Amino acid sequence: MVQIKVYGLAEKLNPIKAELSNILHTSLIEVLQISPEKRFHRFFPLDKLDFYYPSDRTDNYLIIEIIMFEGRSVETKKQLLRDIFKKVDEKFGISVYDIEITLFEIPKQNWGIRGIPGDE
Amino acid sequence: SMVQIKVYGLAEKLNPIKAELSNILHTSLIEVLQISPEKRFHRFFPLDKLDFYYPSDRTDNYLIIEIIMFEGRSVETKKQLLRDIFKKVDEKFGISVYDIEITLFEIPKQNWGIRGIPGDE
Amino acid sequence: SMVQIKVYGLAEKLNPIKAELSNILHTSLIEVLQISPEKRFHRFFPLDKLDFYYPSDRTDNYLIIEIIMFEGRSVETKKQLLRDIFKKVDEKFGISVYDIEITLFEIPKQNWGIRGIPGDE
Amino acid sequence: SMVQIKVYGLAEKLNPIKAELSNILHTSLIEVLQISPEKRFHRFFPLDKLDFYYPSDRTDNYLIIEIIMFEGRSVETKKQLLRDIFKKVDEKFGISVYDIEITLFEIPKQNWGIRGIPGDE
Amino acid sequence: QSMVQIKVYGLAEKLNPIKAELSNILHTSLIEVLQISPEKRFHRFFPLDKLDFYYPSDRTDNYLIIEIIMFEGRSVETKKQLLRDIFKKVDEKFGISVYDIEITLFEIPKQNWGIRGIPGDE
Amino acid sequence: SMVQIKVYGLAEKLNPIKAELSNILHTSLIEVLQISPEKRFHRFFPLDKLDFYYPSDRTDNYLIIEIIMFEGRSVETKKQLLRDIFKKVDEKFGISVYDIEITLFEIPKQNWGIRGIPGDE
């Protein structure tokens, strides 16, 4: 159970989002071992009047929010962060200074999945 | 008691139901959490086909509900909220429980500003 | 240190003020949290009328401000942040504090990846 | 479920009453948390005069009660427990509520090993 | 580099004869599961008088409570693995039923712990 | 606002210093956390040599200071508290900072009962 929400400038995000989704899924499969069937991504292509970022970021700026169960080690979480940075760099040439990632951890019992609370 | 709901789904599916979905979720919250019937705070996010990826074993009725609320309720009450929403949405709209995902985010009251004041006040 | 702001409101009311509102909110974070004046990260979500339900005692000026930030600040600093935002948006726009809601989401530094590394490094 | 109580007080005041304080505390948890009446887990820590410093406004009847339990109970319930302990200890022992201090530590279930297994199992 | 403090509570008459060997067993478990340095043993023992120790009737006088204070950051699986290894090793060495053993993990953010003159996150 | 201190050390070494160490610790809490000078709550646990194991790069002066307090202070203030304790104790007693260990246990105010009522009230 991992949800990704990806935000970026529409003009830049729309051309890459289909391959970006594949890349982020690969990266979760590899580092966290989710099932390949369980891709849950949402994209928010933003109008330029709706997205403010500092002058040392380009229009390629991506914010990647990952919502996930509590319980993974700090080391796994850090590896996930570095792997996403490396893979988006490799695939698209977007600088690490233009990528931001935030992990939101949720206790299992706070998540309803397939009709039941996540801890059941 | 302050509760925000955010709901996401494929625009095609969500837009025809959202008015009635809102009523059903709000009733759910009145009955399980005993919130004030006046206090409905909902935001809907209809998504373009190309912006919404859900599992390949599931369908385009995939519906995501995020609820943001004050800390302090029991685990039993929260579990009963999840089971009520799953039940009422399945029955009202014929959306399978495998196509519903619900996530609760609890916020300490001092972290929320409401009507000019922090929530613990 | 990293502060991300997400602001929601009715499109008709939010669209004409959002640029200025961005300025005012950033000023408030500079003053209360002493973040770098360079480090403005804001996203706006102007909503269709049909996608936004709020109570009868809010008007159509209702703004929800979600602030995502590193844990580690005191309760008194965070409360001060909430009050400064209420005061500044009210003084600048005449939007009543009853129409303004602020929620703080605190995240451990190590859960945040910035410039290629985890926030605690 | 699992509730551990630890009680600390001056030896000369605690030792005469600890058998009965143990019964009072357990009745309170039975009534308020609805734990099984079999499941009493109590430890007492009678302290030497020179090992216990408390404020001058307080008397040598000062008792500290630490309760370790599973996370998952409502704030209303935890507050009912606090109120119940104060009242019953005051009534039974003539110890003033100013001379009683109670702290609760909540532990997630998966962090507690009980009868050979993790608590969430 | 990991700080792990263990606090161990049992009936004095039962705990006193075994505490020395129990300290070794518990350390070995932490080294094997958490991979702490073998020179970083921090244990406190609280042998209790009979009248200071109540437990249910389905626990015997061998009842042992092990409180483990440690840094946040380990996975749930590693933590459960620590619980199961402690259960098993204490039973195997001393003949104490796993039913007589209780363990509680207390996780502390690193910045809330001062070690060797500095905050643990430094 | 409320702070409890528990101090563990080898009885031979702790007993002769405890009374002055209490003064030194309370001074540090007054100065860094601004607690009331009246509100000293300290428990000492002089341990037998067979009940205290520590590594061979700690001496028999090894002190474990457990501090239980309200949540809500900044990381910067808690770190100052740690630094001040290290300094004052090394200065006053000639114990190396390498022999001093401090652990802060933060508790929601609503998880504490004081003078009959929850700490958030």
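Values below: all heavy atoms of this structure, side chains included; hydrogens, waters and symmetry mates excluded. A, B, ... follow the sequence lines: proteins, then strands. Residue 1 opens every chain.
Of the atoms belonging to A/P45, it is side-chain heavy atoms, and not backbone ones, that fall under 4.5 Å from chain B. Neither the backbone nor the side chain of A/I4 comes within less than 4.5 Å of any heavy atom in chain B.
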Every donor-acceptor pair from chain A to chain B under 3.5 Å, please, each on its own line.
residue, atom, partner, partner atom, Å
A/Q3, NE2, B/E101, OE2, 2.8
A/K5, NZ, B/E66, OE2, 3.2
A/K17, NZ, B/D51, OD1, 2.6
A/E37, O, B/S56, N, 3.3
A/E37, OE1, B/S56, OG, 3.3
A/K38, NZ, B/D57, OD2, 3.0
A/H41, N, B/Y53, O, 2.8
A/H41, O, B/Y53, N, 2.8
A/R42, NH1, B/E66, OE2, 3.2
A/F43, N, B/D51, O, 2.9
A/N110, O, B/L104, N, 2.8
A/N110, ND2, B/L104, O, 3.3
A/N110, ND2, B/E106, OE2, 2.9
A/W111, NE1, B/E101, OE2, 3.0
A/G112, N, B/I102, O, 2.6
A/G112, O, B/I102, N, 2.9
A/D119, OD1, B/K79, NZ, 2.6
A/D119, OD2, B/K79, NZ, 3.2
A/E120, OE2, B/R83, NH2, 3.2

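Applying the side chain to side chain contact (heavy atoms under 4.5 Å, CB included) rule to A/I101 yields the partners A/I64, A/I66, A/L81, A/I84, A/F85, A/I99, A/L103; only residues at least two apart in sequence or on another chain are considered.
In this structure, CZ in B/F45 is found 7.0 Å from CZ in A/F44, a value given to the nearest 0.5 Å.
Highest contact tally toward chain A, considering only B/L47, B/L81, B/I64, is held by B/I64 [criterion: heavy-atom pairs under 4.5 Å].
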